[PDB]
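[1] these are from a larger complex, still in place; more later:
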Amino acid sequence: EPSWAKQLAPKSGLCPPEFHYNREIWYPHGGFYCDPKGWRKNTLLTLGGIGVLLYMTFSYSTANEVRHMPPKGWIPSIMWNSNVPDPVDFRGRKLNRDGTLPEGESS
Amino acid sequence: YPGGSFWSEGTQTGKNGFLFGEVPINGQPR
Amino acid sequence: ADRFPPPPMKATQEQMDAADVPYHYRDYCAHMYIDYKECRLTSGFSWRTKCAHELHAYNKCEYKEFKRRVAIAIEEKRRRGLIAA
Amino acid sequence: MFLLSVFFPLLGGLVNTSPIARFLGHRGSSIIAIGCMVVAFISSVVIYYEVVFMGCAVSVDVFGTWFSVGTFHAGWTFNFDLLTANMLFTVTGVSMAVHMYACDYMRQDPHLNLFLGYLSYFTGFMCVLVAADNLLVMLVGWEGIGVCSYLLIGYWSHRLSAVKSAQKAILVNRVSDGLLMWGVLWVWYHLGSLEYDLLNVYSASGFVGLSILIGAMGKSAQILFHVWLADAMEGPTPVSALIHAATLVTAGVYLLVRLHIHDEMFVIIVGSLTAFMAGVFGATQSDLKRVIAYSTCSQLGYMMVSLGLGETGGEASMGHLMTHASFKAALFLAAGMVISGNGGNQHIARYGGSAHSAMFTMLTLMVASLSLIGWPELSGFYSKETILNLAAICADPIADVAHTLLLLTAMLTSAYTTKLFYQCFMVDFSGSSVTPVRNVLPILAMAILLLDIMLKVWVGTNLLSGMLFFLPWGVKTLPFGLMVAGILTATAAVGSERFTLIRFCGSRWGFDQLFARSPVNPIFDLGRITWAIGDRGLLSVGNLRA
Amino acid sequence: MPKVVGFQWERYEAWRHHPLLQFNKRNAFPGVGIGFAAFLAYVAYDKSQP
Amino acid sequence: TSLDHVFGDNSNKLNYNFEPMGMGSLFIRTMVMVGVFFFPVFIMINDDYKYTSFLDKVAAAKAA
Amino acid sequence: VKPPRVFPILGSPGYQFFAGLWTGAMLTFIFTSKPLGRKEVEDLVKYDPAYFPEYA
Amino acid sequence: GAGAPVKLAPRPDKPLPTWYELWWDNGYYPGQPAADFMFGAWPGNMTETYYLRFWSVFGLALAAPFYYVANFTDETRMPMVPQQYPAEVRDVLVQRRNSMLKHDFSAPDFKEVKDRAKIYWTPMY
Amino acid sequence: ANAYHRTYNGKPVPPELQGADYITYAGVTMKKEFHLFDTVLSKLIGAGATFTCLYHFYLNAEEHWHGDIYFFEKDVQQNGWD
């Protein structure tokens, strides 16, 4: 058995024991049935990075939003965006930022 | 599934493949 | 079309713009279309219940329009001679 | 929330294909893919709700321009209208369940994470295509989903048939893409801009519609371009499901609906012919996957006819796409579950009984079959009946042929679908494999598909459903009776004596054989003639020996 | 009219007709009865009397 | 050869002669391909022919 | 050819005769429906004096 | 269930054909040509002559109704005129060549409307 | 392993493989088994689909039994025109 084999990990428990796959190949993705030891901590860190990038793209998306026409009614985009124009209904009555009929014609 | 669960301990330690085929020697930096 | 002229339009261009009506629906039943759209696009799940009257009115107006179109076709055929008079 | 619908699957796929995946494993890759799909699905649901119900279109400046040389200006810009919102919602809802199923189906595959990453790339590039405001980004999405399909079909790089099928599909789609590029050239030269909102046409030079429709038919696997679709079953079940539900096949029809610059006669003729061919193809086979693919082709033809009918027909076609995707993916997933319970058997003649598979899979297949065949008061029922009624009132005498052809096609659809269910469960058992897999995730994916199917009925796709069009009572009941006739004939499972017609129908009309030697072997011979005869011959300059 | 010639196959794989290897009609249409009962209750509660 | 008794030996031989196609058939199919896949050329040329026929009739009638 | 044991009634001759009856009837309805529909729609309005009194 | 044993492709041992660049050898048996059906047997042993003979009638059988309906029946077949719209509204809708409203034979300028609806291919200068 | 075990040669069926949990036919044994979550979810989805179809149909039964032409002409004759 060659010297460098001792640095190599064995076949994973996921891998079929009757399979040989020339374990020495460095694969861009991990190779065959790859399953590291501290994998859950890696997963949590990956999710943290996912969330950070999510926040960055969320901020950029809210920044670069262009609304060319008033919406037809209440939308959740109001709660995180103030650039959203005040809605105008189908009948043309301007509506408040809560999407309800204003006084004089309401109730 | 190892350990009979999806939340079981890992199974792999060591070097997964040799990038560029560069292999460590006696712990000396490459 | 002279024998069965179209009825006057009860929906103006401005009203259709405000309702954001697709331009190929700007027919002789535009107001019914507008009311149906405004009702259904606000009801959530139970749209078939709380907007039944609006749908029925729109379909009744469309029934009138379809009858008018059929009558126009019949009159045109009779004038040209395709149908015995 | 807007850019989340596109960038998030792309980032997830990049992570899944990055060297970071080495440090995660298949468990982590599945977790990441499912989370990304769910988040993008939530964003898409919010966008759909706001756009469809409150009519708020939003345009995005993303990366500035892409390239602006001369009067040609191309920009990384994204706009979300009702069409884009519908496409994004449908694609995300499909691909989320597709990823859920793939996380379990390929659990014993070695390189699962690469499969997940390529699926995520496919979904992200579909989102890119639908997010396009101008034609260049549409082209980018077209070729990106093409590349992803090439990689996914050739996932099992150890089978030559899959490689051949992938190359054939790539070349056919490249023919369509050259046609589409020529059409784009014409569109820009005669319109001066690329944004769809800046494209309003009343009468073009014809070549616009012709070339665009040909390019679309290439992706939609219509007549003269459908041969690749059957061979795509060489790939894994999730790839076929995702491709046939809401991506790739839908892109051509999506482009046509977005454009509405076609010619009604050619559209109707092509759609009717393709639908008839798909219908006769689906009832004449014994591979389970090929039948469902041909059903996909038939529904594509239905949508083609609808969009050819008119603007209202186009919106009805879009709704038909929206309803078709869900149960198409459901049929693919149920077929995959049944196949896995049958030890990889992909042939109908070795099935039977209620022991091989779970109850939920059987019920899901039943519901999907009912919806697809237009069973009264169902998801496909509404769209199919709307298209039929709008096609029973067309002003084109050409359409009269199309109406009859589509009636026959729907009857055959019910026929082979009932035959499928009958061979799956009703017949006696005739195989050797029983491993009923009852894993939670694929069952939940089926549940999500069925819930979306329920939503498509309890909530209409557009305002067209419920708009009553005035037909004689027999005419409306006609497709119902046709489905009943298909039910009866299939439950009889009877056949004819005219065996020459059988051998013709089973061969897929020999189209593969025709294209094997009319263009292809002559291309090879032209290549040999050019090289040997010209270069080494006529163009050769020999040596002056001395 | 003898038919038992050359490895009669019906009897060879007759075990395929195992009752648990068959198509179960008990669960052929699950949830349908509850749906029918709910529909009846909804009709009687909403449309019939009020 | 260790798998021949499981998946077949190399006894059977492919019946292909590796020969170029029939000259006339090759020519006919090449022309068929050219016609099917270069239709815009013919459409434009026929448009020009119809246009020049219109001009010729106009010229013939306008000088009398 | 025997029918499936769990569904033996499907092999009955009457069932297949009925299936053929319905199939053929639907198949020819496919063609006969449209002109009858057009005539019916036309005479829905033709015989009405509200539009055409001369036809009563 | 990956890892199934697979037969290999033994290396050739006789002079190659001149045009051997059409047999796809991926290293595993069985190989295939460059494309299916290109040479050798076809599933069902059918021939191109068979399919040409069949299509010679099948194509015309499919095409015949198209020509008959496009050459012997007009818009008068439909018992109704298309959807009606006010003049200021219809005037833009019918401008589209694909628009179906052109088939209203009751239109005041019906023949003129159909006259504009013809399709050209080469843009005229 | 396989949910169906095959005995062959009339072998005595294993005693451990007999009971209410095993049902044999033609010497071949299959197991009577039940899955809770699967059956419950199947019942839920089936009931949802059935109720959906039933209620959608009941809301639109008149527009099916009689024609739209018939129903709307009946409404016009009986319940006015405007």
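    That came through fine. Numbers count the residues shown, from 1 in each chain, chains lettered A, B, ... in the order given.

[2] right, is the strand or helix carrying residue D:189 up against chain H?
    Element membership for residue D:189, per DSSP states H and E: helix D:160-191. Yes. Contact between helix D:160-191 and chain H is present through D:160, D:161, D:163, D:164, D:168, D:190 (criterion: C-beta under 8 Å from any C-beta of the partner chain). (Each C-beta comes from the backbone N, C-alpha and C, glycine too.)

[3] tell me which of those is nearest to residue D:280?
    The shortest distance between residue D:280 and any of the residues of helix D:160-191 next to chain H, using C-beta to C-beta, involves residue D:168 and amounts to 22.2 Å.

[4] residue in chain C with the shortest distance to chain A?
    Nearest residue of chain C to chain A (C-beta to the nearest C-beta) works out as residue C:18 at 3.8 Å.

[5] neighbours around the closest residue to chain A within the stretch 201-350 of chain D, how many?
    Of all residues in the stretch 201-350 of chain D, residue D:344 sits closest to chain A, with a separation of 15.9 Å (C-beta to the nearest C-beta). Close neighbours of residue D:344, defined as other C-beta atoms under 10 Å in any protein chain shown, add up to 9.

[6] residues touching it, list them.
    Residue D:344 is in contact with D:433, H:1, counting by C-beta atoms under 8 Å, 6 or more residues apart in numbering or on different chains.

[7] in a helix, it, correct?
    No. Counting by DSSP: H, G, I helix; E, B strand; the rest coil, residue D:344 falls outside a helix, being coil.

[8] now tabulate the residues of helix D:160-191 next to chain H in CSV and tack on neighbour count and distance to chain F.
    Compiled in CSV, those are given as follows (neighbours: other C-beta atoms under 10 Å in any protein chain shown; distance: C-beta to the nearest C-beta, whole Å):
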residue, neighbour count, distance to chain F
D:160, 17, 15
D:161, 12, 16
D:163, 19, 20
D:164, 19, 17
D:168, 20, 17
D:190, 13, 15
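
[9] onto the same structure, chain J please:
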Amino acid sequence: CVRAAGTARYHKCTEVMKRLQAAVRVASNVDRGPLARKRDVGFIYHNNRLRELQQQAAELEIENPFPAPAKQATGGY
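    Adding chain J to what we have so far:
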């Protein structure tokens, strides 16, 4: 204009579309080069040739072999 108008674009952003098409035509055809044919985004040469051919055929007392000229082909011209 297009994104502000929405549905009403077919009677609201005609003039700006005409302006933009005119600008594109000026950018292209002016100093077009030695080999480039002239470009009409609004199909203006097409329909003007169509009208001239219609008039010529009317003078010619024969049936038109070409489509009747269109009032406008785009959302602009």
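
[10] who are the packing partners of the helix holding residue D:189?
    Here helix D:160-191 touches helix D:135-153, helix D:207-220, helix D:227-231, strand H:32-33, going by 3 or more C-beta pairs under 8 Å, 6 or more residues apart in numbering or on different chains; DSSP states H and E.

[11] mind listing what's buried in that helix?
    Using 16 or more other C-beta atoms under 10 Å in any protein chain shown as the burial criterion, the residues of helix D:160-191 that qualify are D:160, D:162-170, D:172-173, D:176-177, D:179-180, D:182-184, D:186-188, D:190-191.

[12] ok and it relative to helix D:207-220, angle-wise?
    Going by axes from the mean of the first three to the mean of the last three C-alpha atoms, to 10 degrees, helix D:160-191 is angled at 160 degrees with respect to helix D:207-220.

[13] burial count for the closest residue to residue I:67 other than its chain neighbours?
    Take residue I:67 and drop its neighbours on the chain: the residue closest to it by C-beta to C-beta, 6 or more residues apart in numbering or on different chains is residue D:473, 3.3 Å away. When neighbours are counted by other C-beta under 10 Å, residue D:473 registers 17.

[14] could you double-check that residue D:473 lies in contact with residue I:71?
    No. Distance between residue D:473 and residue I:71: 9.5 Å, which falls outside the contact criterion (C-beta atoms under 8 Å).

[15] overlap in contacts, the two.
    Overlap between the contact sets of residue D:473 and residue I:71, as judged by C-beta under 8 Å, 6+ apart, is nil.

[16] nearest spatial neighbour of whichever residue of the stretch 251-400 of chain D sits closest to chain C, skipping sequence neighbours?
    Distance from chain C to each residue of the stretch 251-400 of chain D (C-beta to the nearest C-beta) is smallest for residue D:311, at 5.0 Å. Spatial nearest neighbour of residue D:311, excluding adjacent residues (C-beta to C-beta, 6+ apart): residue C:24 at 5.0 Å.

[17] ok, now chain K:
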Amino acid sequence: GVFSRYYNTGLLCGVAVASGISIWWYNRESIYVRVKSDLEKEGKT
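    Adding chain K to the chains above:
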């Protein structure tokens, strides 16, 4: 599949019956007349 001459006879009989049904449909009274007559039947309850 299966070869049932009963299916053939059913197909032919269905063809004939549906042709007869079409003939029956061709001579029916006007839908307007039918509705008015039914409303006469509905006005006497």
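
[18] can you check the neighbour count of residue D:473 again with chain K included?
    Burial of residue D:473, expressed as a neighbour count using other C-beta under 10 Å, amounts to 18.

[19] quick check: residue D:102 vs residue D:146, distance?
    Residue D:102 sits 20 Å away from residue D:146, taking C-beta to C-beta, to the nearest Å as the criterion.

[20] which one's more surrounded, the two?
    Neighbours around residue D:102 and residue D:146, counted as other C-beta under 10 Å, are more numerous at residue D:102. The numbers are 30 against 21.

[21] is that one in contact with residue D:119, as I believe?
    Yes. Under the criterion of C-beta under 8 Å, residue D:102 lies in contact with residue D:119, with a separation of 6.1 Å.

[22] could you tell me which residues touch both of the two?
    In terms of C-beta under 8 Å, 6+ apart, residue D:102 and residue D:119 are both contacted by the residues residue D:238.

[23] tally up the residues packed near residue G:28, please.
    By other C-beta under 10 Å, 19 other residues sit near residue G:28.

[24] in what helix or strand does it lie?
    Assigned by DSSP H and E, residue G:28 falls within helix G:13-46.

[25] chain center to that helix: distance?
    Taking the mean of its C-alpha atoms, helix G:13-46 sits 3 Å from the chain's own mean (C-alpha atoms, centre = their mean, to the nearest Å).

[26] report all helices and strands that that helix contacts.
    When contacts are defined as 3+ C-beta pairs under 8 Å, 6+ apart, helix G:13-46 sits against helix C:52-80, helix D:397-421, helix D:473-492, helix I:68-78, helix K:5-26, helix K:31-42.

[27] does chain A have contacts with the longest one?
    Right, the one you point to is helix C:52-80. No. Contact between helix C:52-80 and chain A is absent, the nearest approach being 12.6 Å (criterion: C-beta under 8 Å from any C-beta).

[28] where does residue A:85 sit: helix, strand or coil?
    Strictly by three-state DSSP, residue A:85 counts as coil.
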